Amino acid sequence: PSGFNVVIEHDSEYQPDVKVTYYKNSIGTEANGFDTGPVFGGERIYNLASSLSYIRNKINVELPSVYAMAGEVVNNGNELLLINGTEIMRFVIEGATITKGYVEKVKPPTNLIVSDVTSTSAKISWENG
Amino acid sequence: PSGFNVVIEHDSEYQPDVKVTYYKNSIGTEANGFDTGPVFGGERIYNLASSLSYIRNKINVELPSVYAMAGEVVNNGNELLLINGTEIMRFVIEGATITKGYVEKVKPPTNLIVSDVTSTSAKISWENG
Amino acid sequence: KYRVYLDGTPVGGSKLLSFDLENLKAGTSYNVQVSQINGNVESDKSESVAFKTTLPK
Amino acid sequence: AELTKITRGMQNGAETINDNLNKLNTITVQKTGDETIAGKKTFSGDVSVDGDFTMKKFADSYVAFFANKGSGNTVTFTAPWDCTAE
């Protein structure tokens with residue numbers, strides 16, 4: 193929909209910052225085993241532009257739809273890693289500890305409309321995320 | 193025009209950073225009085241992407257036209273608040289004190305063109321902001 | 230498939246993309262937000278929407 | 002104690018209220034439990050201690066002994082604090 197959304201659950205009662213990077217063939221992600229890639233340690237690191245929004249204990253990292261990828265989620269507490277083969281999308285939190293992280297699958301409803309409103313009732317209608 | 197522009201006047205002789213957030217139903221903005229909202233303390237906080245430009249003592253915070261809103265301006269020195277009912281747009285300055293803040297109403301001219309130029313004269317023409 | 234929250238508290242839900250808010254009082258402001266259910270996995274709540282019941286004659 | 006101001010429209014209202022309540026709860030002297038209190042505490046009114054009253058160096062601070070060594074007939078001294086002589 194709006195984009196590709198990665199949820200980061202943390203222990204802060206506030207709004208931790210998140211910095212997103214992307215890189216291929218870092219140590220342990222090479223297809224033919226350790227150091228079988230074209231640039232040992234990892235190829236070009238790209239900074240990914242994110243739009244962040246917050247609720248208590250949950251950061252929602254909205255990235256452009258073009259970056260959308262599958263993959264294993266690794267939680268290292270200081271950083272979250274979205275590993276898809278050779279590709280890694282790295283999320284670095286500031287001022288909190290990552291509790292759990294995941295690509296948002298169950299997404300919140302959207303076009304909320306109040307119709308047929310009377311003194312005693314109203315009808316709420318929406319659209320799936 | 194270019195967008196929605198909020199002017200922040202400060203006491204620094206430099207270029208203070210500004211961070212913009214948006215949130216509904218924070219304490220004191222609920223329609224039916226204190227704690228009558230759906231999420232006590234405030235709903236989702238969104239980080240707003242701004243484009244900043246500076247002149248001595250005046251920061252111009254350019255936000256996308258879609259965020260454009262009316263409302264009371266509150267100056268708390270460390271932060272400026274643009275309060276419109278239930279909605280708040282928060283501007284946090286770094287390294288200076290907010291002197292005055294306001295939505296830019298009198299906007300600077302734009303397409304400056306020099307025409308009819310001779311050895312002793314020229315004609316300057318423009319378009320309203 | 231959905232949970233309807235009127236003023237922060239759940240008042241019901243539905244399989245459909247619509248729900249009827251009942252037993253409201255006249256001339257009062259309300260806030261409603263909806264979430265999605267997917268077998269004990271609930272989405273974050275939607276952006277709230279505000280309405281006001283009409284006043285009777 | 003420095004509490005962070007609670008204002009209309011503030012972003013982390015709930016979090017700051019909790020914080021200020023927690024600050025007050027841990028810094029205040031309370032009517033219950035065992036505690037340790039620092040600083041010079043001056044009481045304007047009456048004070049009564051029903052329990053055990055421990056005092057550091059009571060002897061030196063409330064009692065004073067003055068006598069003439071070389072003669073033993075005339076004791077001359079400057080009164081350390083307003084008192085009663087025996």
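Protein chains in written order, with the entry's author numbering: chain A, 193 to 321; chain A', 193 to 321; chain B, 230 to 286; chain I, 2 to 87. A prime marks a further copy of an entry chain. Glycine included, each C-beta is placed from N, C-alpha and C at the ideal position.
Rounded Cβ spacing between residue i and residue j (contact assumed at less than 8 Å)
{"i": "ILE28/I", "j": "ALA2/I", "result": "5 Å"}
{"i": "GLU271/A", "j": "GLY195/A", "result": "Actually they are not in contact, since the Cβ atoms of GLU271/A and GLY195/A sit about 21 Å apart, beyond 8 Å."}
{"i": "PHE226/A'", "j": "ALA15/I", "result": "Actually they do not touch by this definition, with Cβ atoms about 12 Å apart."}
{"i": "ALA255/B", "j": "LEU235/B", "result": "The Cβ separation is near 16 Å, so there is no contact."}
{"i": "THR221/A'", "j": "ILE237/A'", "result": "In fact, because the Cβ distance is near 13 Å, the residues do not count as touching under 8 Å."}
{"i": "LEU304/A'", "j": "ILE290/A'", "result": "Not a contact, Cβ separation roughly 31 Å."}
{"i": "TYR259/A", "j": "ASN13/I", "result": "30 Å between Cβ atoms; not a contact."}
{"i": "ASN252/A", "j": "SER245/A", "result": "5 Å"}
{"i": "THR17/I", "j": "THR5/I", "result": "5 Å"}
{"i": "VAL295/A", "j": "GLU271/B", "result": "No, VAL295/A and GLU271/B are not in contact; Cβ-Cβ is about 16 Å, not under 8 Å."}
{"i": "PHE283/A'", "j": "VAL198/A'", "result": "7 Å"}
{"i": "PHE280/B", "j": "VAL265/A", "result": "At roughly 39 Å, the Cβ-Cβ gap does not stay under 8 Å, so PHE280/B and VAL265/A are not in contact."}
Top-ranked residue by Cα proximity to residue i, from the options
{"i": "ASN252/B", "options": "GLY293/A, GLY321/A, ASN320/A, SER311/A", "result": "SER311/A"}
{"i": "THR302/A'", "options": "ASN320/A', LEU273/A', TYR206/A', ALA262/A'", "result": "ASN320/A'"}
{"i": "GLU235/A'", "options": "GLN265/B, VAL261/B, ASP249/B, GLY268/B", "result": "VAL261/B"}
{"i": "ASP273/B", "options": "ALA279/B, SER264/B, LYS281/B", "result": "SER264/B"}
{"i": "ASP209/A'", "options": "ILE316/A', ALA288/A', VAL295/A', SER313/A'", "result": "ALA288/A'"}
{"i": "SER277/B", "options": "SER258/B, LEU245/B, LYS230/B", "result": "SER258/B"}
{"i": "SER247/B", "options": "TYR231/B, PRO239/B, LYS281/B", "result": "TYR231/B"}
{"i": "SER275/B", "options": "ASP203/A, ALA223/A, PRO300/A", "result": "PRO300/A"}
{"i": "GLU201/A", "options": "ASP308/A, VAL306/A, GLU286/A, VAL309/A", "result": "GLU286/A"}
{"i": "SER218/A", "options": "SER313/A, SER307/A, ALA314/A, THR278/A", "result": "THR278/A"}
{"i": "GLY52/I", "options": "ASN26/I, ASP83/I, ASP35/I", "result": "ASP35/I"}
{"i": "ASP61/I", "options": "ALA68/I, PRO81/I, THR8/I", "result": "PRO81/I"}
{"i": "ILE280/A", "options": "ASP203/A, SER243/A, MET261/A", "result": "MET261/A"}
{"i": "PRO193/A", "options": "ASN224/A, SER243/A, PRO256/A, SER307/A", "result": "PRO256/A"}
{"i": "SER243/A'", "options": "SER313/A', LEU274/A', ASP308/A', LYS211/A'", "result": "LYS211/A'"}
{"i": "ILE275/A", "options": "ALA223/A, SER204/A, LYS250/A", "result": "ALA223/A"}
{"i": "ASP203/A'", "options": "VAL265/A', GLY269/A', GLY263/A', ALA241/A'", "result": "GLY269/A'"}
{"i": "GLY40/I", "options": "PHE66/I, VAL30/I, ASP47/I", "result": "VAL30/I"}
Outcome for residue i when other beta-carbon atoms lying within 10 angstroms are tallied against a minimum of 16
{"i": "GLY229/A'", "result": "buried"}
{"i": "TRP318/A'", "result": "exposed"}
{"i": "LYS292/A", "result": "exposed"}
{"i": "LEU250/B", "result": "buried"}
{"i": "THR77/I", "result": "exposed"}
{"i": "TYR215/A'", "result": "buried"}
{"i": "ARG248/A'", "result": "exposed"}
{"i": "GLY10/I", "result": "buried"}
{"i": "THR282/B", "result": "buried"}
{"i": "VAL233/B", "result": "buried"}
{"i": "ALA314/A", "result": "buried"}
{"i": "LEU25/I", "result": "exposed"}
{"i": "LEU273/A'", "result": "buried"}
What are the residues in the stretch 248-260 of chain B lying within 7 Å of chain A' by C-beta distance?
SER258, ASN260
Whole beta strand (DSSP E) runs in the stretch 249-321 of chain A' with 3 or more residues, listed along the chain?
250-255, 264-267, 271-276, 279-286, 290-295, 305-307, 315-317
Near-chain B residues of the stretch 225-239 of chain A' - C-beta to any C-beta below 9 Å
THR228, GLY229, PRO230, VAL231, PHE232, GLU235, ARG236
Tell me which residues of the stretch 293-306 of chain A have at least one Cβ-Cβ distance to chain B shorter than 9 Å, keeping chain order.
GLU296, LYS297, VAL298, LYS299, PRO300, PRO301, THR302, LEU304, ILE305, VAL306
Compile a chain-ordered list of the residues in the stretch 193-207 of chain A whose CB is closer than 9 Å to at least one CB of chain I.
Contact residues of the stretch 193-207 of chain A toward chain I are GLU205, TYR206, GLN207 (C-beta to C-beta distance below 9 Å).
Beta carbons nearer than 7 Å to chain A': which residues of the stretch 249-261 of chain A have them?
none
Residues of the stretch 6-31 of chain I with Cβ closer than 7 Å to any Cβ of chain A, in chain order
When C-beta distances to chain A are compared with 7 Å, the residues of the stretch 6-31 of chain I below that value are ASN13, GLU16, in chain order.
Could you please tell me which residues of the stretch 232-244 of chain B, in chain order, have their CB closer than 7 Å to any CB of chain A'?
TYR234, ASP236, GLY237
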